[PDB]
Each structure stands twice: as C-alpha cells, then as structure tokens.
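Heads up, target.txt below (compact mmCIF, N, CA and C atoms and all ligand atoms):
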```txt
# COMPACT_ATOMS: atom_id res chain seq x y z
N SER A 1 -10.62 15.18 -4.99
CA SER A 1 -9.55 14.92 -5.95
C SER A 1 -8.17 14.82 -5.28
N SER A 2 -7.29 14.10 -5.97
CA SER A 2 -5.97 13.77 -5.45
C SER A 2 -4.89 14.13 -6.46
N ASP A 3 -3.65 14.19 -6.00
CA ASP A 3 -2.50 14.36 -6.88
C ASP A 3 -2.50 13.21 -7.89
N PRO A 4 -2.18 13.49 -9.16
CA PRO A 4 -2.16 12.41 -10.16
C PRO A 4 -1.23 11.26 -9.77
N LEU A 5 -0.16 11.57 -9.05
CA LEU A 5 0.79 10.56 -8.59
C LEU A 5 0.10 9.59 -7.63
N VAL A 6 -0.73 10.13 -6.74
CA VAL A 6 -1.43 9.32 -5.76
C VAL A 6 -2.49 8.44 -6.42
N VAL A 7 -3.17 8.98 -7.42
CA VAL A 7 -4.14 8.20 -8.19
C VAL A 7 -3.44 7.04 -8.88
N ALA A 8 -2.28 7.33 -9.47
CA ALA A 8 -1.48 6.30 -10.13
C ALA A 8 -1.07 5.21 -9.15
N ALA A 9 -0.60 5.61 -7.98
CA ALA A 9 -0.15 4.67 -6.96
C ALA A 9 -1.30 3.78 -6.49
N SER A 10 -2.48 4.37 -6.35
CA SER A 10 -3.65 3.63 -5.87
C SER A 10 -4.10 2.58 -6.89
N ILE A 11 -4.03 2.93 -8.17
CA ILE A 11 -4.39 2.00 -9.23
C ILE A 11 -3.42 0.82 -9.25
N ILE A 12 -2.13 1.13 -9.14
CA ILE A 12 -1.09 0.10 -9.11
C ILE A 12 -1.29 -0.83 -7.92
N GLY A 13 -1.64 -0.25 -6.77
CA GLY A 13 -1.86 -1.02 -5.56
C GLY A 13 -3.01 -2.00 -5.70
N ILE A 14 -4.11 -1.55 -6.31
CA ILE A 14 -5.28 -2.41 -6.51
C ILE A 14 -4.95 -3.53 -7.49
N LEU A 15 -4.28 -3.18 -8.59
CA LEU A 15 -3.94 -4.16 -9.61
C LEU A 15 -2.95 -5.19 -9.07
N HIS A 16 -2.09 -4.75 -8.16
CA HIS A 16 -1.17 -5.65 -7.48
C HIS A 16 -1.95 -6.70 -6.69
N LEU A 17 -2.96 -6.24 -5.95
CA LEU A 17 -3.78 -7.14 -5.14
C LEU A 17 -4.55 -8.13 -6.01
N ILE A 18 -5.14 -7.64 -7.09
CA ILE A 18 -5.92 -8.50 -7.99
C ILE A 18 -5.04 -9.59 -8.61
N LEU A 19 -3.89 -9.19 -9.13
CA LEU A 19 -2.97 -10.15 -9.74
C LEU A 19 -2.53 -11.21 -8.73
N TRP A 20 -2.28 -10.78 -7.49
CA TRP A 20 -1.87 -11.71 -6.45
C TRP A 20 -2.95 -12.75 -6.17
N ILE A 21 -4.20 -12.29 -6.06
CA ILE A 21 -5.32 -13.18 -5.81
C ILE A 21 -5.50 -14.18 -6.95
N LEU A 22 -5.45 -13.68 -8.18
CA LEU A 22 -5.61 -14.54 -9.36
C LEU A 22 -4.50 -15.58 -9.43
N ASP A 23 -3.30 -15.19 -9.01
CA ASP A 23 -2.16 -16.09 -9.01
C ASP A 23 -2.37 -17.23 -8.01
N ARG A 24 -2.90 -16.88 -6.84
CA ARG A 24 -3.14 -17.85 -5.78
C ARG A 24 -4.28 -18.80 -6.12
N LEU A 25 -5.29 -18.29 -6.83
CA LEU A 25 -6.45 -19.10 -7.19
C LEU A 25 -6.14 -19.98 -8.40
N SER B 1 -5.02 17.57 -5.85
CA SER B 1 -3.90 17.60 -4.91
C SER B 1 -4.19 16.84 -3.62
N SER B 2 -3.10 16.40 -2.99
CA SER B 2 -3.16 15.54 -1.81
C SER B 2 -2.30 16.11 -0.70
N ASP B 3 -2.52 15.62 0.52
CA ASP B 3 -1.67 15.95 1.65
C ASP B 3 -0.24 15.53 1.30
N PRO B 4 0.76 16.35 1.67
CA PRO B 4 2.15 15.98 1.36
C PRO B 4 2.54 14.61 1.92
N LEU B 5 1.95 14.24 3.05
CA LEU B 5 2.21 12.94 3.67
C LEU B 5 1.76 11.81 2.75
N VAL B 6 0.61 11.99 2.12
CA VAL B 6 0.05 10.98 1.23
C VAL B 6 0.88 10.86 -0.04
N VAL B 7 1.35 11.99 -0.56
CA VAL B 7 2.23 11.98 -1.73
C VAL B 7 3.51 11.22 -1.40
N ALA B 8 4.06 11.49 -0.21
CA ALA B 8 5.27 10.81 0.25
C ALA B 8 5.05 9.30 0.33
N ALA B 9 3.92 8.90 0.91
CA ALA B 9 3.59 7.49 1.09
C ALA B 9 3.45 6.79 -0.26
N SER B 10 2.84 7.48 -1.22
CA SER B 10 2.60 6.91 -2.54
C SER B 10 3.92 6.69 -3.29
N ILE B 11 4.84 7.63 -3.14
CA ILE B 11 6.16 7.51 -3.77
C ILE B 11 6.92 6.32 -3.18
N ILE B 12 6.89 6.20 -1.86
CA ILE B 12 7.54 5.10 -1.17
C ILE B 12 6.95 3.77 -1.61
N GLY B 13 5.63 3.73 -1.75
CA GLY B 13 4.94 2.52 -2.17
C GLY B 13 5.36 2.06 -3.56
N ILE B 14 5.47 3.01 -4.49
CA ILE B 14 5.88 2.69 -5.85
C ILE B 14 7.32 2.20 -5.88
N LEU B 15 8.19 2.90 -5.16
CA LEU B 15 9.61 2.56 -5.13
C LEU B 15 9.82 1.19 -4.48
N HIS B 16 8.97 0.87 -3.51
CA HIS B 16 8.99 -0.44 -2.88
C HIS B 16 8.70 -1.52 -3.92
N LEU B 17 7.68 -1.29 -4.74
CA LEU B 17 7.30 -2.25 -5.77
C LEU B 17 8.40 -2.43 -6.81
N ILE B 18 8.99 -1.33 -7.25
CA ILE B 18 10.05 -1.37 -8.26
C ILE B 18 11.26 -2.15 -7.75
N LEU B 19 11.71 -1.83 -6.53
CA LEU B 19 12.85 -2.51 -5.94
C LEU B 19 12.58 -4.01 -5.81
N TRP B 20 11.36 -4.37 -5.43
CA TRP B 20 11.00 -5.77 -5.29
C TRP B 20 11.09 -6.51 -6.62
N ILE B 21 10.57 -5.89 -7.68
CA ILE B 21 10.61 -6.49 -9.01
C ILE B 21 12.05 -6.67 -9.48
N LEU B 22 12.86 -5.63 -9.32
CA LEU B 22 14.26 -5.68 -9.74
C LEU B 22 15.02 -6.76 -8.98
N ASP B 23 14.67 -6.94 -7.71
CA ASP B 23 15.31 -7.96 -6.88
C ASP B 23 14.98 -9.35 -7.39
N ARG B 24 13.72 -9.55 -7.78
CA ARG B 24 13.26 -10.85 -8.27
C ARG B 24 13.83 -11.17 -9.65
N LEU B 25 14.02 -10.15 -10.47
CA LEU B 25 14.54 -10.34 -11.82
C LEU B 25 16.06 -10.51 -11.80
N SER C 1 -10.15 16.25 1.04
CA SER C 1 -10.83 15.22 0.25
C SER C 1 -9.94 14.65 -0.85
N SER C 2 -10.28 13.43 -1.25
CA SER C 2 -9.49 12.65 -2.19
C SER C 2 -10.36 12.12 -3.32
N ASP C 3 -9.73 11.69 -4.40
CA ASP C 3 -10.43 11.00 -5.48
C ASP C 3 -11.11 9.77 -4.90
N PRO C 4 -12.35 9.47 -5.34
CA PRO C 4 -13.04 8.29 -4.81
C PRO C 4 -12.24 7.00 -4.99
N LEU C 5 -11.45 6.93 -6.06
CA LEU C 5 -10.61 5.77 -6.33
C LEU C 5 -9.57 5.59 -5.22
N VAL C 6 -8.99 6.70 -4.78
CA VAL C 6 -7.97 6.67 -3.74
C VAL C 6 -8.57 6.28 -2.39
N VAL C 7 -9.77 6.78 -2.11
CA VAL C 7 -10.48 6.40 -0.89
C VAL C 7 -10.74 4.90 -0.89
N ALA C 8 -11.18 4.39 -2.04
CA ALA C 8 -11.44 2.96 -2.20
C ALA C 8 -10.18 2.14 -1.96
N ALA C 9 -9.07 2.58 -2.55
CA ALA C 9 -7.80 1.88 -2.42
C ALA C 9 -7.33 1.86 -0.97
N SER C 10 -7.52 2.97 -0.27
CA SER C 10 -7.08 3.08 1.12
C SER C 10 -7.88 2.15 2.03
N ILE C 11 -9.18 2.04 1.77
CA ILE C 11 -10.04 1.14 2.54
C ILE C 11 -9.61 -0.31 2.33
N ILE C 12 -9.37 -0.67 1.07
CA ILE C 12 -8.92 -2.02 0.73
C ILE C 12 -7.59 -2.33 1.41
N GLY C 13 -6.69 -1.35 1.42
CA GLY C 13 -5.39 -1.52 2.03
C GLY C 13 -5.48 -1.79 3.52
N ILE C 14 -6.34 -1.06 4.21
CA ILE C 14 -6.53 -1.24 5.65
C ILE C 14 -7.14 -2.61 5.94
N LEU C 15 -8.16 -2.97 5.17
CA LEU C 15 -8.86 -4.24 5.37
C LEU C 15 -7.93 -5.41 5.08
N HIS C 16 -7.02 -5.22 4.13
CA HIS C 16 -6.01 -6.22 3.83
C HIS C 16 -5.12 -6.45 5.05
N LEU C 17 -4.70 -5.36 5.69
CA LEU C 17 -3.84 -5.46 6.87
C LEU C 17 -4.56 -6.14 8.03
N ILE C 18 -5.81 -5.76 8.26
CA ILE C 18 -6.59 -6.34 9.36
C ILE C 18 -6.78 -7.84 9.16
N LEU C 19 -7.19 -8.25 7.96
CA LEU C 19 -7.39 -9.66 7.67
C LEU C 19 -6.10 -10.45 7.86
N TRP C 20 -4.97 -9.87 7.45
CA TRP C 20 -3.68 -10.53 7.60
C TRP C 20 -3.35 -10.76 9.08
N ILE C 21 -3.56 -9.74 9.90
CA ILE C 21 -3.29 -9.84 11.33
C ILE C 21 -4.17 -10.89 11.98
N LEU C 22 -5.46 -10.87 11.66
CA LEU C 22 -6.41 -11.83 12.22
C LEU C 22 -6.04 -13.25 11.82
N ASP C 23 -5.54 -13.41 10.60
CA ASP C 23 -5.13 -14.72 10.10
C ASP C 23 -3.94 -15.25 10.89
N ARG C 24 -3.00 -14.36 11.18
CA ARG C 24 -1.79 -14.73 11.90
C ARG C 24 -2.07 -15.04 13.37
N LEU C 25 -3.04 -14.33 13.95
CA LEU C 25 -3.39 -14.52 15.36
C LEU C 25 -4.28 -15.75 15.53
N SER D 1 -4.55 18.63 0.19
CA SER D 1 -5.18 17.90 1.28
C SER D 1 -5.95 16.68 0.81
N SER D 2 -6.10 15.73 1.73
CA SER D 2 -6.68 14.43 1.44
C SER D 2 -7.77 14.10 2.45
N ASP D 3 -8.60 13.12 2.12
CA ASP D 3 -9.59 12.59 3.05
C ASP D 3 -8.85 12.09 4.29
N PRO D 4 -9.41 12.33 5.49
CA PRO D 4 -8.73 11.86 6.71
C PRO D 4 -8.46 10.35 6.70
N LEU D 5 -9.34 9.60 6.04
CA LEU D 5 -9.18 8.15 5.93
C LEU D 5 -7.91 7.81 5.15
N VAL D 6 -7.65 8.57 4.09
CA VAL D 6 -6.49 8.33 3.25
C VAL D 6 -5.20 8.70 3.99
N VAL D 7 -5.24 9.78 4.76
CA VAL D 7 -4.10 10.18 5.58
C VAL D 7 -3.80 9.08 6.59
N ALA D 8 -4.84 8.55 7.21
CA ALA D 8 -4.70 7.46 8.18
C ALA D 8 -4.06 6.24 7.53
N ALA D 9 -4.55 5.88 6.34
CA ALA D 9 -4.05 4.71 5.63
C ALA D 9 -2.58 4.87 5.26
N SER D 10 -2.21 6.08 4.86
CA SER D 10 -0.83 6.36 4.45
C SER D 10 0.13 6.26 5.63
N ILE D 11 -0.30 6.73 6.79
CA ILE D 11 0.51 6.65 8.01
C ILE D 11 0.72 5.19 8.40
N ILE D 12 -0.36 4.41 8.36
CA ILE D 12 -0.29 2.99 8.67
C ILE D 12 0.65 2.26 7.71
N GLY D 13 0.58 2.62 6.44
CA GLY D 13 1.42 2.02 5.42
C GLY D 13 2.89 2.27 5.66
N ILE D 14 3.24 3.50 6.03
CA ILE D 14 4.63 3.86 6.31
C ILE D 14 5.13 3.13 7.55
N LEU D 15 4.31 3.11 8.60
CA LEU D 15 4.69 2.48 9.85
C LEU D 15 4.84 0.97 9.67
N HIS D 16 4.04 0.41 8.78
CA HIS D 16 4.16 -1.00 8.43
C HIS D 16 5.53 -1.28 7.82
N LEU D 17 5.95 -0.42 6.90
CA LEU D 17 7.24 -0.58 6.24
C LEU D 17 8.40 -0.44 7.23
N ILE D 18 8.32 0.56 8.10
CA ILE D 18 9.38 0.79 9.08
C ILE D 18 9.53 -0.40 10.03
N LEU D 19 8.41 -0.88 10.56
CA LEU D 19 8.43 -2.02 11.47
C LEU D 19 9.01 -3.25 10.79
N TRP D 20 8.67 -3.45 9.52
CA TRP D 20 9.18 -4.59 8.76
C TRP D 20 10.70 -4.52 8.62
N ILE D 21 11.21 -3.34 8.28
CA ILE D 21 12.65 -3.14 8.13
C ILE D 21 13.38 -3.38 9.45
N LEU D 22 12.85 -2.81 10.53
CA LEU D 22 13.47 -2.97 11.84
C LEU D 22 13.48 -4.43 12.27
N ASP D 23 12.43 -5.16 11.90
CA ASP D 23 12.33 -6.58 12.23
C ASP D 23 13.41 -7.38 11.50
N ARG D 24 13.63 -7.03 10.24
CA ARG D 24 14.61 -7.72 9.41
C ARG D 24 16.04 -7.41 9.84
N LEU D 25 16.27 -6.19 10.30
CA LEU D 25 17.60 -5.76 10.73
C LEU D 25 17.92 -6.27 12.13
CA CA E 101 -7.58 16.88 -2.41
CA CA E 102 1.45 17.68 -7.80
CA CA E 103 -1.88 18.21 6.38
CA CA E 104 -11.45 11.50 -10.60
CA CA E 105 -14.77 12.02 3.58
CL CL E 106 -5.44 12.13 -1.72
```
Write-out of the structure in structure tokens:
Amino acid sequence: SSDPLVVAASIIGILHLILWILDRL
Amino acid sequence: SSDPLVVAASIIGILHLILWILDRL
Amino acid sequence: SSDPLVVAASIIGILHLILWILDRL
Amino acid sequence: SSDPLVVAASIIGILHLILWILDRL
C-alpha cells in the first residue's frame, strides 16, 4: 500500500498517457 | 504510506501538470 | 511495498522513458 | 516505505525534470 497522494498521482499519470495516445491516434 | 522521496516526487509531478495546463490556458 | 497500481504506473513510466530514448537515438 | 522499483522510478523522474530545466536554462 501507498500514500493516498501517491495513488492519486499514479492514476493521473496513467490517464495522462492514455489521453495523449488517443489524441495522437 | 510511501517513502518520503516518493511522496515528494508525486507532489512535484502533479504540480508540473497543473503549471503546464495553466500555461497552455 | 506499494499499491499494485503504483507499481504498475512506475513500470509504465520507466518503459516510456526507455522507448523515448531509443526513438531519439 | 515503497517498493524499491517505485523508489527507483521516482528518482529517475526527478532527475529527468532537473536535467530538462538545466537544459532549458
Ligand atoms: Ca507502503
Ligand atoms: Ca500521508
Ligand atoms: Ca527510505
Ligand atoms: Ca489498493
Ligand atoms: Ca516488490
Ligand atoms: Cl508507494
């Protein structure tokens, strides 16, 4: 388990990557 | 809970994203 | 130890960096 | 505390940011 802040940051990071890929495609 | 280093990195990462968005807007 | 989500995010982040470097080289 | 992999990723992430800033300056 991780600090809730770190979990939040990790989710944002993944969603950032997904949105970027979808934008490029 | 997380290593303090990881908490620090996550905060920096979020603030990086926010500043980028504000810059673009 | 970390949340599995955070471990996943960290792996993706590293692989993102590696792919970027290989692309540039 | 965090998974060693996550600590590694966080260090790389910070160093990435620092190098980028120094490059721009
Ligand atoms: Ca932990
Ligand atoms: Ca806390
Ligand atoms: Ca430590
Ligand atoms: Ca969980
Ligand atoms: Ca482990
Ligand atoms: Cl963690």
Determine, for each residue of chain B having at least one atom at most 10 Å from an atom of ligand CA 101 (chain E), the closest pair of atoms and their separation in Å to one decimal, counting only C-alpha atoms and all ligand atoms; order by chain and ascending number, as a tab-separated table.
```
residue	atom	partner	partner_atom	distance
B:1	CA	E:CA101	CA	4.5
B:2	CA	E:CA101	CA	4.7
B:3	CA	E:CA101	CA	7.2
```
Would you mind listing, for every residue of chain D within 8 Å of chain B, the two atoms forming the shortest contact and the distance between them in Å to one decimal, using only N, CA and C atoms, sorted by chain and ascending residue number, as a tab-separated table?
```
residue	atom	partner	partner_atom	distance
D:1	N	B:2	C	3.5
D:2	N	B:3	N	3.8
D:3	N	B:3	N	6.8
D:6	C	B:6	CA	6.4
D:7	CA	B:6	CA	6.1
D:9	C	B:6	CA	7.8
D:10	CA	B:9	CA	5.7
D:11	N	B:5	C	6.8
D:13	C	B:9	CA	7.0
D:14	N	B:9	CA	6.4
```
I need the helix (DSSP H, G or I) residues of chain C per DSSP on the backbone, written as a PyMOL selection string.
chain C and resi 4-24
Hey, could you pull the box centre and edge lengths for segment 7-24 of chain D, axis-aligned, 3 Å padding per side, all listed atoms, to one decimal in Å, as AutoDock Vina command-line options?
```
--center_x 5.4 --center_y 1.2 --center_z 8.4 --size_x 27.3 --size_y 23.9 --size_z 13.8
```
What would segment 2-15 of chain C look like with N, CA, C and O atoms restored, written as a PDB file, keeping the file's coordinate frame?
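Okay, rebuild_25.pdb is ready:
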```
ATOM      1  N   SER C   2     -10.280  13.430  -1.250  1.00  0.00           N
ATOM      2  CA  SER C   2      -9.490  12.650  -2.190  1.00  0.00           C
ATOM      3  C   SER C   2     -10.360  12.120  -3.320  1.00  0.00           C
ATOM      4  O   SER C   2     -11.590  12.103  -3.203  1.00  0.00           O
ATOM      5  N   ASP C   3      -9.730  11.690  -4.400  1.00  0.00           N
ATOM      6  CA  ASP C   3     -10.430  11.000  -5.480  1.00  0.00           C
ATOM      7  C   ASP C   3     -11.110   9.770  -4.900  1.00  0.00           C
ATOM      8  O   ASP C   3     -10.539   9.098  -4.043  1.00  0.00           O
ATOM      9  N   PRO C   4     -12.350   9.470  -5.340  1.00  0.00           N
ATOM     10  CA  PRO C   4     -13.040   8.290  -4.810  1.00  0.00           C
ATOM     11  C   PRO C   4     -12.240   7.000  -4.990  1.00  0.00           C
ATOM     12  O   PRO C   4     -12.338   6.094  -4.165  1.00  0.00           O
ATOM     13  N   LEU C   5     -11.450   6.930  -6.060  1.00  0.00           N
ATOM     14  CA  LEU C   5     -10.610   5.770  -6.330  1.00  0.00           C
ATOM     15  C   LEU C   5      -9.570   5.590  -5.220  1.00  0.00           C
ATOM     16  O   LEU C   5      -9.304   4.479  -4.779  1.00  0.00           O
ATOM     17  N   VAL C   6      -8.990   6.700  -4.780  1.00  0.00           N
ATOM     18  CA  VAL C   6      -7.970   6.670  -3.740  1.00  0.00           C
ATOM     19  C   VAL C   6      -8.570   6.280  -2.390  1.00  0.00           C
ATOM     20  O   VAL C   6      -7.952   5.545  -1.621  1.00  0.00           O
ATOM     21  N   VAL C   7      -9.770   6.780  -2.110  1.00  0.00           N
ATOM     22  CA  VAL C   7     -10.480   6.400  -0.890  1.00  0.00           C
ATOM     23  C   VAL C   7     -10.740   4.900  -0.890  1.00  0.00           C
ATOM     24  O   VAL C   7     -10.553   4.220   0.113  1.00  0.00           O
ATOM     25  N   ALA C   8     -11.180   4.390  -2.040  1.00  0.00           N
ATOM     26  CA  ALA C   8     -11.440   2.960  -2.200  1.00  0.00           C
ATOM     27  C   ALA C   8     -10.180   2.140  -1.960  1.00  0.00           C
ATOM     28  O   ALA C   8     -10.206   1.141  -1.243  1.00  0.00           O
ATOM     29  N   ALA C   9      -9.070   2.580  -2.550  1.00  0.00           N
ATOM     30  CA  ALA C   9      -7.800   1.880  -2.420  1.00  0.00           C
ATOM     31  C   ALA C   9      -7.330   1.860  -0.970  1.00  0.00           C
ATOM     32  O   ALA C   9      -6.795   0.850  -0.501  1.00  0.00           O
ATOM     33  N   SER C  10      -7.520   2.970  -0.270  1.00  0.00           N
ATOM     34  CA  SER C  10      -7.080   3.080   1.120  1.00  0.00           C
ATOM     35  C   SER C  10      -7.880   2.150   2.030  1.00  0.00           C
ATOM     36  O   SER C  10      -7.329   1.550   2.948  1.00  0.00           O
ATOM     37  N   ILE C  11      -9.180   2.040   1.770  1.00  0.00           N
ATOM     38  CA  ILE C  11     -10.040   1.140   2.540  1.00  0.00           C
ATOM     39  C   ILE C  11      -9.610  -0.310   2.330  1.00  0.00           C
ATOM     40  O   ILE C  11      -9.514  -1.083   3.284  1.00  0.00           O
ATOM     41  N   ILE C  12      -9.370  -0.670   1.070  1.00  0.00           N
ATOM     42  CA  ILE C  12      -8.920  -2.020   0.730  1.00  0.00           C
ATOM     43  C   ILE C  12      -7.590  -2.330   1.410  1.00  0.00           C
ATOM     44  O   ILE C  12      -7.388  -3.434   1.907  1.00  0.00           O
ATOM     45  N   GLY C  13      -6.690  -1.350   1.420  1.00  0.00           N
ATOM     46  CA  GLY C  13      -5.390  -1.520   2.030  1.00  0.00           C
ATOM     47  C   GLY C  13      -5.480  -1.790   3.520  1.00  0.00           C
ATOM     48  O   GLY C  13      -4.769  -2.656   4.041  1.00  0.00           O
ATOM     49  N   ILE C  14      -6.340  -1.060   4.210  1.00  0.00           N
ATOM     50  CA  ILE C  14      -6.530  -1.240   5.650  1.00  0.00           C
ATOM     51  C   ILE C  14      -7.140  -2.610   5.940  1.00  0.00           C
ATOM     52  O   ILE C  14      -6.705  -3.310   6.846  1.00  0.00           O
ATOM     53  N   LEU C  15      -8.160  -2.970   5.170  1.00  0.00           N
ATOM     54  CA  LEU C  15      -8.860  -4.240   5.370  1.00  0.00           C
ATOM     55  C   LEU C  15      -7.930  -5.410   5.080  1.00  0.00           C
ATOM     56  O   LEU C  15      -8.029  -6.464   5.702  1.00  0.00           O
TER      57      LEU C  15
END
```
